[PDB]
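Single chain ahead, by itself, as C-alpha coordinates, in the form deposited in one PDB entry.
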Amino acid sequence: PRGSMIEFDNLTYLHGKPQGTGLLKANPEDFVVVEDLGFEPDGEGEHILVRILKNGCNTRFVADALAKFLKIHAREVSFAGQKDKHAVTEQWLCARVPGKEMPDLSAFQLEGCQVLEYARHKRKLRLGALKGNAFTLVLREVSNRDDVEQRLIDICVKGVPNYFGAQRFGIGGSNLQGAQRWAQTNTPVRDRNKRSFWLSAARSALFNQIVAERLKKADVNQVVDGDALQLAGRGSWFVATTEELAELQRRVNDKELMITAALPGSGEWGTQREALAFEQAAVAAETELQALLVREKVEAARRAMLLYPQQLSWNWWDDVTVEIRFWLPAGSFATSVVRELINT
(Lines give C-alpha, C1' and ligand atoms only; values in the text may rest on other atoms or scores of the structure.)
Protein backbone atom coordinates (compact mmCIF):
# COMPACT_ATOMS: atom_id res chain seq x y z
CA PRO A 1 0.00 0.00 0.00
CA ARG A 2 1.85 3.05 -1.32
CA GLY A 3 1.38 6.01 1.01
CA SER A 4 1.31 9.72 0.15
CA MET A 5 2.22 14.77 0.29
CA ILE A 6 5.13 16.64 1.91
CA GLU A 7 5.91 15.06 5.31
CA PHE A 8 6.16 17.34 8.35
CA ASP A 9 9.93 17.05 8.72
CA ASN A 10 10.28 17.84 5.01
CA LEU A 11 8.29 21.10 5.25
CA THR A 12 10.25 24.09 3.92
CA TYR A 13 12.01 26.39 6.38
CA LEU A 14 11.95 30.18 6.23
CA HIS A 15 15.41 30.66 7.75
CA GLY A 16 16.80 27.35 6.56
CA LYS A 17 17.11 24.17 8.62
CA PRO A 18 18.85 24.95 11.93
CA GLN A 19 22.51 24.05 12.39
CA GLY A 20 22.10 22.90 15.97
CA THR A 21 20.02 20.78 18.32
CA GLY A 22 18.38 21.29 21.69
CA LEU A 23 15.86 19.85 24.15
CA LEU A 24 12.19 20.84 24.09
CA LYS A 25 10.00 20.06 27.12
CA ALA A 26 12.74 18.19 29.04
CA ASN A 27 10.67 19.06 32.10
CA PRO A 28 7.05 20.25 32.22
CA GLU A 29 8.35 23.46 33.81
CA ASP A 30 10.31 24.19 30.62
CA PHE A 31 7.07 24.69 28.71
CA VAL A 32 4.65 27.08 30.37
CA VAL A 33 1.47 28.14 28.63
CA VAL A 34 -0.93 30.81 29.88
CA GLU A 35 -4.23 30.99 28.02
CA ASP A 36 -5.39 34.43 26.92
CA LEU A 37 -9.17 34.59 26.56
CA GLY A 38 -9.33 38.23 25.55
CA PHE A 39 -12.16 38.97 27.97
CA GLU A 40 -12.89 38.79 31.70
CA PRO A 41 -15.72 36.68 33.17
CA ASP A 42 -18.90 38.79 33.29
CA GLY A 43 -19.57 38.03 36.94
CA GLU A 44 -23.08 36.83 36.17
CA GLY A 45 -24.67 34.22 33.95
CA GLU A 46 -25.79 30.60 34.02
CA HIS A 47 -22.21 29.47 33.28
CA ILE A 48 -19.21 29.14 35.58
CA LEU A 49 -15.72 29.89 34.23
CA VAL A 50 -13.07 27.91 36.09
CA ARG A 51 -9.46 28.91 35.67
CA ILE A 52 -7.09 26.04 36.33
CA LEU A 53 -3.40 25.22 36.26
CA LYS A 54 -2.58 21.68 35.20
CA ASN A 55 0.38 19.38 34.73
CA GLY A 56 0.46 15.87 33.29
CA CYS A 57 -3.06 15.56 31.90
CA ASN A 58 -5.19 16.75 29.02
CA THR A 59 -8.03 19.25 29.13
CA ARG A 60 -10.89 16.77 28.63
CA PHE A 61 -9.66 14.75 31.60
CA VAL A 62 -9.95 17.70 34.00
CA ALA A 63 -13.22 18.72 32.35
CA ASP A 64 -14.76 15.31 33.03
CA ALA A 65 -13.57 15.50 36.63
CA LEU A 66 -15.07 18.98 36.97
CA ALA A 67 -18.37 17.70 35.59
CA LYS A 68 -18.48 14.84 38.10
CA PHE A 69 -17.71 17.17 41.00
CA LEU A 70 -20.58 19.46 39.99
CA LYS A 71 -22.85 16.46 39.41
CA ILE A 72 -23.43 17.40 35.78
CA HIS A 73 -23.03 15.54 32.48
CA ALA A 74 -19.58 15.84 30.84
CA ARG A 75 -21.42 17.61 28.02
CA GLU A 76 -22.01 20.54 30.37
CA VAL A 77 -18.30 21.35 30.52
CA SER A 78 -16.46 23.06 27.67
CA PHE A 79 -13.20 24.94 27.06
CA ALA A 80 -11.46 27.34 24.68
CA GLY A 81 -8.71 24.97 23.65
CA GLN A 82 -6.58 21.89 24.20
CA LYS A 83 -3.49 22.47 26.32
CA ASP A 84 -0.42 20.21 26.18
CA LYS A 85 -0.46 17.35 28.68
CA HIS A 86 3.28 17.31 29.33
CA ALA A 87 3.71 20.91 30.38
CA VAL A 88 2.56 23.49 32.91
CA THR A 89 -0.57 25.04 31.45
CA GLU A 90 -3.14 27.56 32.67
CA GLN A 91 -6.55 27.67 30.98
CA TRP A 92 -10.26 28.22 31.43
CA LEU A 93 -12.99 25.61 31.67
CA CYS A 94 -16.72 26.31 31.52
CA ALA A 95 -19.57 24.47 33.24
CA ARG A 96 -23.26 25.28 32.87
CA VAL A 97 -24.68 25.56 36.39
CA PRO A 98 -27.68 27.93 36.35
CA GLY A 99 -28.84 29.71 39.48
CA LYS A 100 -27.86 32.36 42.00
CA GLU A 101 -25.91 29.80 44.04
CA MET A 102 -22.17 29.36 43.40
CA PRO A 103 -20.83 25.83 44.09
CA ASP A 104 -17.75 25.48 46.32
CA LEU A 105 -15.17 24.75 43.63
CA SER A 106 -12.41 25.27 46.21
CA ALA A 107 -13.08 21.71 47.37
CA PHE A 108 -12.45 20.35 43.88
CA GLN A 109 -9.17 18.50 44.44
CA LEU A 110 -7.58 16.58 41.55
CA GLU A 111 -3.99 15.36 41.22
CA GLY A 112 -2.17 17.48 38.65
CA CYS A 113 -4.59 20.41 38.62
CA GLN A 114 -5.01 23.46 40.84
CA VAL A 115 -8.01 25.78 40.70
CA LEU A 116 -7.00 29.42 40.56
CA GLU A 117 -10.31 31.17 40.01
CA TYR A 118 -13.98 30.69 39.22
CA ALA A 119 -16.81 33.08 38.44
CA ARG A 120 -20.09 33.12 36.55
CA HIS A 121 -20.38 34.05 32.88
CA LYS A 122 -23.36 34.45 30.52
CA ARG A 123 -22.22 32.66 27.34
CA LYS A 124 -20.68 29.20 27.26
CA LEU A 125 -16.98 28.86 26.41
CA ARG A 126 -16.53 27.48 22.89
CA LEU A 127 -13.57 25.72 21.31
CA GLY A 128 -11.35 28.19 19.47
CA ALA A 129 -12.93 31.11 21.30
CA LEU A 130 -9.71 32.56 22.74
CA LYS A 131 -7.38 35.40 21.76
CA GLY A 132 -4.14 33.46 22.07
CA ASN A 133 -1.49 32.11 24.45
CA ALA A 134 1.62 33.35 26.27
CA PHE A 135 4.54 30.90 26.20
CA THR A 136 7.64 30.60 28.38
CA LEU A 137 10.03 27.91 27.17
CA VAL A 138 13.47 26.76 28.19
CA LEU A 139 15.56 25.06 25.51
CA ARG A 140 18.21 22.86 27.12
CA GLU A 141 21.47 21.42 25.83
CA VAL A 142 21.54 23.90 22.93
CA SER A 143 24.43 22.71 20.77
CA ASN A 144 24.88 25.96 18.85
CA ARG A 145 24.08 29.08 20.87
CA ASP A 146 25.24 31.43 18.11
CA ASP A 147 22.94 29.83 15.57
CA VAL A 148 19.97 30.06 17.93
CA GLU A 149 20.73 33.68 18.91
CA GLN A 150 20.94 34.73 15.24
CA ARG A 151 17.68 32.90 14.46
CA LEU A 152 15.83 34.58 17.33
CA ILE A 153 16.93 37.94 15.91
CA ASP A 154 15.78 37.04 12.40
CA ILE A 155 12.48 35.75 13.72
CA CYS A 156 11.82 39.09 15.44
CA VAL A 157 12.11 40.63 11.97
CA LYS A 158 10.74 38.05 9.54
CA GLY A 159 8.72 35.63 11.69
CA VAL A 160 8.28 31.90 11.00
CA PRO A 161 5.98 29.78 8.82
CA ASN A 162 2.59 29.45 10.58
CA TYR A 163 2.47 25.66 10.22
CA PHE A 164 0.10 23.48 12.18
CA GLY A 165 2.24 21.60 14.69
CA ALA A 166 2.85 17.85 14.41
CA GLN A 167 0.41 17.42 17.30
CA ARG A 168 -2.35 18.41 14.85
CA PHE A 169 -2.15 15.20 12.83
CA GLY A 170 -2.60 12.74 15.67
CA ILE A 171 -0.18 10.50 17.54
CA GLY A 172 2.14 8.96 14.97
CA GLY A 173 0.08 10.88 12.43
CA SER A 174 -2.92 8.57 12.71
CA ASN A 175 -5.39 11.38 12.11
CA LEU A 176 -3.86 12.29 8.75
CA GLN A 177 -3.48 8.63 7.81
CA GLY A 178 -7.08 7.83 8.74
CA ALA A 179 -8.26 10.91 6.88
CA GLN A 180 -6.37 9.76 3.80
CA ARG A 181 -7.75 6.22 3.85
CA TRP A 182 -11.30 7.47 4.34
CA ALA A 183 -10.86 9.85 1.40
CA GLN A 184 -9.83 6.95 -0.86
CA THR A 185 -13.34 5.56 -0.47
CA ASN A 186 -16.87 6.76 0.20
CA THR A 187 -17.44 4.99 3.51
CA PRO A 188 -19.07 7.60 5.79
CA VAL A 189 -17.63 8.21 9.26
CA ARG A 190 -19.81 7.48 12.28
CA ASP A 191 -17.93 8.78 15.33
CA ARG A 192 -18.29 12.56 15.38
CA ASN A 193 -14.91 13.04 17.04
CA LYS A 194 -13.04 10.57 14.83
CA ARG A 195 -14.52 12.48 11.89
CA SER A 196 -13.50 15.96 13.06
CA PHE A 197 -9.96 14.82 13.88
CA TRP A 198 -9.63 13.43 10.37
CA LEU A 199 -11.22 16.35 8.53
CA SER A 200 -9.03 18.75 10.53
CA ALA A 201 -5.79 16.87 9.82
CA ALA A 202 -6.65 16.78 6.11
CA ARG A 203 -7.20 20.51 5.79
CA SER A 204 -4.24 21.27 8.06
CA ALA A 205 -1.90 19.05 6.07
CA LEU A 206 -3.00 20.72 2.85
CA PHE A 207 -2.47 24.18 4.35
CA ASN A 208 1.04 23.26 5.48
CA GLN A 209 1.83 21.93 2.03
CA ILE A 210 0.64 25.08 0.32
CA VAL A 211 2.83 27.14 2.64
CA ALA A 212 5.82 24.84 2.14
CA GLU A 213 5.41 25.34 -1.63
CA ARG A 214 5.07 29.09 -1.35
CA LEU A 215 8.29 29.19 0.66
CA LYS A 216 10.11 27.69 -2.33
CA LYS A 217 9.71 30.96 -4.24
CA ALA A 218 12.45 33.58 -4.56
CA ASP A 219 10.49 36.16 -2.57
CA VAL A 220 8.31 34.43 0.01
CA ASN A 221 6.40 37.53 1.03
CA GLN A 222 5.78 38.82 -2.48
CA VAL A 223 2.15 39.75 -3.06
CA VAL A 224 0.78 38.48 -6.35
CA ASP A 225 -2.41 39.18 -8.27
CA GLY A 226 -5.31 37.42 -6.58
CA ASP A 227 -3.72 36.86 -3.18
CA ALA A 228 -6.05 36.79 -0.17
CA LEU A 229 -4.55 39.35 2.23
CA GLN A 230 -5.66 39.27 5.85
CA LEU A 231 -5.55 42.24 8.19
CA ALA A 232 -3.16 41.67 11.07
CA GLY A 233 -4.89 40.70 14.29
CA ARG A 234 -8.23 39.80 12.74
CA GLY A 235 -10.16 37.60 10.32
CA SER A 236 -11.09 40.15 7.67
CA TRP A 237 -9.25 39.63 4.33
CA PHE A 238 -9.50 40.87 0.75
CA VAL A 239 -8.21 40.10 -2.74
CA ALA A 240 -5.13 41.80 -4.16
CA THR A 241 -5.08 43.21 -7.70
CA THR A 242 -2.21 44.04 -10.07
CA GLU A 243 -3.25 47.69 -9.86
CA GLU A 244 -2.69 47.78 -6.09
CA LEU A 245 0.35 45.49 -5.77
CA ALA A 246 2.85 48.21 -4.93
CA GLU A 247 0.86 49.62 -2.00
CA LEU A 248 -0.20 46.16 -0.81
CA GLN A 249 3.41 44.94 -0.69
CA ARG A 250 4.28 47.87 1.50
CA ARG A 251 1.53 46.97 3.97
CA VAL A 252 2.60 43.33 3.93
CA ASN A 253 6.24 44.32 4.43
CA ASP A 254 5.04 46.53 7.27
CA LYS A 255 3.18 43.51 8.71
CA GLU A 256 -0.20 45.24 8.43
CA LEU A 257 -1.41 42.63 5.97
CA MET A 258 -0.76 38.89 5.97
CA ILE A 259 -0.42 36.81 2.83
CA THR A 260 -2.63 33.79 3.46
CA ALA A 261 -2.71 30.23 2.20
CA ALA A 262 -5.85 28.19 1.64
CA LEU A 263 -7.58 25.91 4.10
CA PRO A 264 -9.31 23.71 1.43
CA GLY A 265 -13.00 22.85 1.56
CA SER A 266 -16.40 23.53 -0.01
CA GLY A 267 -17.18 26.86 -1.62
CA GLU A 268 -14.48 29.12 -3.04
CA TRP A 269 -10.94 29.17 -1.65
CA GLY A 270 -10.77 32.97 -1.69
CA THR A 271 -7.75 33.51 -3.90
CA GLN A 272 -8.25 34.52 -7.53
CA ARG A 273 -6.33 34.27 -10.82
CA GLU A 274 -2.58 33.75 -10.38
CA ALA A 275 -2.56 33.10 -6.63
CA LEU A 276 -5.49 30.71 -6.92
CA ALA A 277 -3.73 28.74 -9.67
CA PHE A 278 -0.70 28.49 -7.39
CA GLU A 279 -2.62 27.08 -4.43
CA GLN A 280 -4.45 24.59 -6.63
CA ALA A 281 -1.17 23.48 -8.21
CA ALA A 282 0.50 23.20 -4.80
CA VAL A 283 -1.94 20.44 -3.83
CA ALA A 284 -2.97 19.28 -7.31
CA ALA A 285 -2.04 15.72 -6.40
CA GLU A 286 -4.32 15.74 -3.36
CA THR A 287 -7.59 15.46 -5.28
CA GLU A 288 -8.77 12.81 -2.81
CA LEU A 289 -8.35 14.88 0.36
CA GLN A 290 -9.70 17.95 -1.43
CA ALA A 291 -12.81 16.03 -2.52
CA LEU A 292 -13.31 14.59 0.97
CA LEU A 293 -13.44 18.06 2.53
CA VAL A 294 -15.89 19.23 -0.13
CA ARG A 295 -18.43 16.46 0.47
CA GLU A 296 -18.32 16.91 4.26
CA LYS A 297 -19.21 20.57 3.71
CA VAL A 298 -16.10 21.93 5.44
CA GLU A 299 -16.01 25.52 4.17
CA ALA A 300 -12.73 26.67 2.69
CA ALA A 301 -11.05 29.34 4.81
CA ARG A 302 -7.96 31.55 4.98
CA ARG A 303 -4.96 31.27 7.31
CA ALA A 304 -1.91 33.47 7.64
CA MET A 305 1.11 31.89 5.97
CA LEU A 306 3.54 33.56 8.37
CA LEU A 307 3.57 33.99 12.15
CA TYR A 308 5.09 36.94 14.03
CA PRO A 309 5.61 35.99 17.69
CA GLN A 310 4.49 38.91 19.87
CA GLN A 311 6.62 40.37 22.70
CA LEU A 312 9.45 38.06 21.75
CA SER A 313 12.26 38.10 24.31
CA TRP A 314 14.89 35.66 25.55
CA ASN A 315 17.62 35.16 28.14
CA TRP A 316 20.59 32.78 28.07
CA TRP A 317 21.17 31.07 31.41
CA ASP A 318 24.52 29.75 30.14
CA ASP A 319 26.01 28.88 26.74
CA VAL A 320 23.66 25.90 26.42
CA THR A 321 20.33 26.98 27.94
CA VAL A 322 17.83 29.65 26.84
CA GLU A 323 14.53 30.85 28.25
CA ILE A 324 12.28 32.23 25.51
CA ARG A 325 9.03 34.14 25.91
CA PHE A 326 6.40 35.09 23.34
CA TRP A 327 2.67 35.39 22.73
CA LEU A 328 0.95 33.73 19.80
CA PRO A 329 -2.57 34.16 18.41
CA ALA A 330 -5.15 31.39 18.67
CA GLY A 331 -4.41 28.53 16.28
CA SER A 332 -0.65 29.08 16.11
CA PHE A 333 1.91 26.69 17.62
CA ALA A 334 4.99 27.31 19.75
CA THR A 335 6.61 24.33 18.01
CA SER A 336 6.42 26.26 14.74
CA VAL A 337 8.69 28.87 16.29
CA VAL A 338 11.04 26.32 17.86
CA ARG A 339 11.30 24.44 14.55
CA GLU A 340 13.24 27.39 13.11
CA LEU A 341 15.58 27.58 16.14
CA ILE A 342 16.83 24.04 16.77
CA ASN A 343 16.45 20.52 15.41
CA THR A 344 14.69 18.01 17.68
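Rigid core here is just the name for the largest C-alpha set that superposes within 1.5 Å across the two forms. Residue numbers here begin at 1 and follow the sequence given.
One more form of this protein exists, namely the form deposited in another entry; it is left out here, but the text below deals with it.
Only one of 98, 267, 172, 235 has its Cα shifted by 2 Å or more between the shown form and the other one after fitting on the core, and that residue is 98. The Cα shift for residue 44 between the shown form and the other one, taken after rigid core superposition, is 2 angstroms or larger. Residue displacement note: residue 140 has its CA displaced by under 2 Å between the shown form and the other one (rigid core superposed). Relative to the superposed core, residue 217 shifts its CA atom by less than 2 Å between the shown form and the other one.
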